[PDB]
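Q: Sharing the initial chains of the complex here, in place:
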Amino acid sequence: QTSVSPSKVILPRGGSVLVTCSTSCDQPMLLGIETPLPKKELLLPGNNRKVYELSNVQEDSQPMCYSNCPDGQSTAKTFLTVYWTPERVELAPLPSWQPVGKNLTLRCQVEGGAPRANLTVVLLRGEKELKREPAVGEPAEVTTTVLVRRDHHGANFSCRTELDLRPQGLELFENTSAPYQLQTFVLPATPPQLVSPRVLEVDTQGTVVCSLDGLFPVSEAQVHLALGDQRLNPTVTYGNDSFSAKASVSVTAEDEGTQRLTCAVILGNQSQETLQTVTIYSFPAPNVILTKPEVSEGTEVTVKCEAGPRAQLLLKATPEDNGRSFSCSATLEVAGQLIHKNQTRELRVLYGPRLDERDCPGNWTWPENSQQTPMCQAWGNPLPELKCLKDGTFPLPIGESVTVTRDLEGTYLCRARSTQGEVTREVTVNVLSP
Amino acid sequence: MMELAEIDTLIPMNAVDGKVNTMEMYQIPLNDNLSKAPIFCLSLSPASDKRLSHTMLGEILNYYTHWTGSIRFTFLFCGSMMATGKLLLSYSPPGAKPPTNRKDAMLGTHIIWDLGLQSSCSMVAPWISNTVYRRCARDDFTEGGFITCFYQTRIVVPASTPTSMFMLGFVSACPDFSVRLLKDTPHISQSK
Amino acid sequence: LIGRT
């Protein structure tokens, strides 16, 4: 009697299906098929064997073959199943930055996909399977917790669906979402090392160096270096989970005073910061003010500094002061540090050139070939230049021990001159026979 | 034999799953609720149907080949006395869309039955045919037609009254009715 | 005509 072949078909969405209708009776008046679609009927033996091509099957349908025999209107049914992969497979949006040691949840969403009885959703860490579950609901969600380890680094996580139609005679159709990359970190709670001069002069250049280690991913960290309201441009150098940021800084007159140097290391929503002070300076030299730099013995002398009562040093100049030095010392506080600076200045006191018979005898009588030491010393401030010449060019060897010779004999004119005057004295050397 | 075909015999109308082949098939469901759906439907194929076959009319017909005549469908309401209602019984002859709603069935041969002291009401299917005889076997040529029932109003019960009940549907032939040409019945089987 | 055999 009424028979159908195939009785179960699986085909892709939109395809044609071939359904053979058949019956068994003597006069089958009408063999026909159920369904409401466009249907090419071929022929084999008459109303006993027919073939229908039914075109464009979009959804599951079950066309039964009915056969009108007058004795028995019997009917037989075929089941058509169609197939389709998910229209979307993706992981719910998750922050890229993820805390080490804390739990994270992955959530895959699969929209569509049928037959659902053969669709599985799976969560993966790289190529490893973490979770597998039949697809249920719409969208079909599948979730799993993942304990963030350092092991989880550039680990890409993904979701995959498996529409396994192999048991129906087809194949396994897979789909995959965009991967998710875990960007973790860890930024210890300790200030970065900051090396910098506690002091810096106006209009000069300085060098700051900031560094820190034990952080990850160092390449992603933001390093903020700045002195006062001046943001610095550092040259970051990376290493074994570490960094060193070097930067130059120039200061001007406006920056004079105590300024704040800061280094901040930032990762995610956490930051470690170091605060230090740098003093920018200008220390005008404490100049020594002498009433009169050059003065004569006896004059009143006043000394004051210039760069609460005003103090000056008064003293009556004595010859012993010629060449002596007065000083003006000062101190300045910059960045809790004490800077010292001074200035000394000499005072010239005066006494005209002098040649007493006492310290420059008018005559000498030495035996030829004896040892003597010619004595003639000028006195005065400034120290007078002395020259004892004979015949305008032959000098008397004063102050030194010599062997008396014939050519020492003669008359010398000892001249002692200086800005205070000039004094002349005649010296006679007699050289007796040995 | 035709004398026996004029005797009112009970139709297995409600021979649905769990109701087939038990006394429950003769009992047509009725209730207080207002639907617009058919109470029953029936193809006028009177020997070769699922329901009408093992009636006395259907049986006698299936020892014969050809038939002619008007069919009497007599219905007995078996509710409580206190249950009122108006129904519509119809015979639509064939060749158009089958009467799924009441406005379709109302456009054919119909009767509005008022439930009352007269417990039984007949609806006659008049002999309307192209061919002078029809087949007892099921035909696409000598088509029979469609019998239905609808609610006109609803069945209405008052306080403390059974909200659901049944009717009994009988079939008999009319005195215009005749059969011809003998054959053995397809109903009975025997071990070889 | 065919027959049947």
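A: Looks like it arrived, so ask away. Numbering: from 1, shown residues only, chains lettered A, B, ... in the order given.
Q: Which single residue of chain A ends up nearest chain B?
A: residue A:70 (4.0 Å; CB to the nearest CB). Where you see a C-beta, it was placed from the backbone N, CA and C, and this is true even at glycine.
Q: Check whether that residue really touches residue B:134, as I assumed.
A: No - counting by CB atoms under 8 Å, residue A:70 sits too far from residue B:134 to count as a contact (11.8 Å).
Q: between the two, which one's more packed in?
A: Neighbour tally, residue A:70 and residue B:134, criterion other CB atoms under 10 Å in any protein chain shown: the higher count belongs to residue B:134, 22 against 18.
Q: before we move on, back to that, let me see the contact set for the closest residue to the residue of chain A closest to chain B other than its chain neighbours.
A: Distance criterion CB to CB, 6 or more residues apart in numbering or on different chains; nearest residue to residue A:70, sequence neighbours excluded, is residue B:137 at 4.0 Å. Applying CB atoms under 8 Å, 6 or more residues apart in numbering or on different chains to residue B:137 gives the contacts A:70-71, B:47-48, B:65.
Q: For residue B:137, give me phi and psi.
A: Here is the backbone geometry of residue B:137 (degrees, to the nearest 10): phi -70, psi 160.
Q: to the structure above, add chain D:
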Amino acid sequence: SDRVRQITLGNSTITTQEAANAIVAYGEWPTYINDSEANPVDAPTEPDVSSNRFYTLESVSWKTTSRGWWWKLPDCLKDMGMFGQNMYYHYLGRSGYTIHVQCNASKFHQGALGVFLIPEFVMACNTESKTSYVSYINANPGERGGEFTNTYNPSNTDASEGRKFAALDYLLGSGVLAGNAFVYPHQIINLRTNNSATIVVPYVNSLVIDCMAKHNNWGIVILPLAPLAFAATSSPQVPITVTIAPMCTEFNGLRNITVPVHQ
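A: This next block brings in chain D, placed alongside the chains you saw above:
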């Protein structure tokens, strides 16, 4: 004159001045069912003047190329006014018809149309595998009808162009020589003689009344027995108009309306 004729039914009147008599098919005029011959026991619906009147079909064009035309009764009137309604509301329907074919030319034209009315006009299907395999659309085209061809092109594998009539001219699509089609009620529109054909046809069947949604009792066929020719152009063209009136229409078995499968 035999040539001059008027015909009036309902609110509709045909006139012709160059007919060649009129013919009554088999000698018998349309008649109703008689109480002695009646079969359905319901009181019949007789529409009279509402339905029994001239309905004019869309005119076809005779060319030198034209091979023939066919229509079916009551199919070609199923959409026609109040007749179509009475036909499709009832299960059973009976009717004879007055068939009036019109084709005027000039005294300088040649051509001869054989207008035949064939009872039960079952043509062969256009496929050598399946037998008598014709869809509801392809069997019942309505007002349009179908045309004849002089070629037999069977779609042996398929259910498109194999699911329709092989309307072969010389064999009437039926496998019988068209030269013997004169055993049916007929007239010839020979353009040098007449411009009209008038055939009155009774109800013919093996039954009293039948289901008009099943059965076409009559088929109208028009074949060019002599081809259309005009002296000047090698492509002449003349309109052929078919006007049909039913008569003695009666219907049994009222229900909801029959809407068959469609396009």
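Q: Tell me how many other residues crowd the residue nearest to residue B:130 when sequence neighbours are not counted.
A: Using CB to CB, 6+ apart and skipping residues adjacent in sequence, the residue nearest residue B:130 is residue D:210, 4.5 Å away. Other residues lying near residue D:210 total 20 when counted by other CB under 10 Å.
Q: and residue D:210, bridged to which residues?
A: On the basis of DSSP bridges, residue D:210 is bridged to residue D:93.
Q: what does chain B put close to chain D?
A: Within chain B, the positions adjacent to chain D are B:70, B:92-97, B:99, B:104-105, B:107-109, B:126-132, B:143, B:145, B:176 by CB under 8 Å from any CB of the partner chain.
Q: Count the residues that sit near residue D:135.
A: 13.
Q: Could you list every helix and strand that the longest strand along chain B packs against?
A: For chain B, the longest strand by residue count, based on DSSP state E, is strand B:164-173. The criterion is 3 or more CB pairs under 8 Å, 6 or more residues apart in numbering or on different chains; DSSP states H and E, and the helices and strands that strand B:164-173 contacts are helix B:2-5, strand B:9-10, strand B:27-31, helix B:56-61, strand B:71-77.
Q: okay, chain E goes in next:
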Amino acid sequence: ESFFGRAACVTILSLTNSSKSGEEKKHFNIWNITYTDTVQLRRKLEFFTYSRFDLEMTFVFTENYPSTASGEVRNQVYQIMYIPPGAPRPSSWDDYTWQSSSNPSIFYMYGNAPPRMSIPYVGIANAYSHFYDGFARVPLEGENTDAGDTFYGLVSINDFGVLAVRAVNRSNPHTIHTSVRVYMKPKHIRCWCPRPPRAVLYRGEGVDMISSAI
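A: Alright, chain E goes in next:
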């Protein structure tokens, strides 16, 4: 009358009484009640659209030996059984259906005169039609635009049941084959509406043609 007054051969049925494995379905044969098997009587009926007659059946049996199984069999008794529509149709050649309490049947003893009988105008209409320009049941709205197809024409509608024919003897050691011929004469005949004779070759039940002979 006179034109139709001949017993013309319609179908030739094989049945084969054998004792071999797959020959139980050979021991009987079933035939459709039509008149399209042969062309000679058909073409003469096909002169008219409608006819009406009583029918004379005459049956001629001829048995023979198929292979070199030319050995001993006993005289064959055949049964021709008419099975009208909606009836118990057989399972094997021997069974309960073929008892025939109401199904009219003929018992032929081979060697006797050709068995014959008369049948009335049994038709469901007022005359027979050799045609039908219409459908069986109506194809309605939402079914298929292309519907009606298979259920057009006389072939779709004109069921009259079947003949079942058997040998009533059991299977013998040697296989015997029997051909039965069905002859028909329509008598008491009158016909309506002449039509042209069939000009070209027939194809089966319908009116249909072929490509290679028109």
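Q: again for the contacts of residue B:137, chain E present now?
A: Applying CB under 8 Å, 6+ apart, the residues near residue B:137 are A:70-71, B:47-48, B:65, E:85-86, E:159.
Q: strand partners of the longest strand of chain B, parallel vs antiparallel please.
A: Strand B:164-173 sits in its sheet next to strand B:9-10 (antiparallel), strand B:27-31 (antiparallel), strand B:71-77 (antiparallel), going by DSSP bridges.
Q: one step back: could you redo the contacts of residue B:137 as CSV and give each row distance to residue E:151?
A: Compiled in CSV, the contacts of residue B:137 are given as follows (distance: CB to CB, whole Å):
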residue, distance to residue E:151
A:70, 13
A:71, 17
B:47, 22
B:48, 18
B:65, 22
E:85, 17
E:86, 19
E:159, 13
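Q: Out of the residues you listed, which end up buried?
A: Among these, the ones that count as buried by 16 or more other CB atoms under 10 Å in any protein chain shown are A:70-71, B:47-48, B:65, E:85-86, E:159.
Q: buried ones in stretch E:100-111?
A: By 16+ other CB under 10 Å, the buried positions in stretch E:100-111 come out as E:100, E:102-103, E:105-106, E:108.
Q: Quick one: check it for contact with chain B.
A: Yes - using CB under 8 Å from any CB, stretch E:100-111 reaches chain B at E:100-104.
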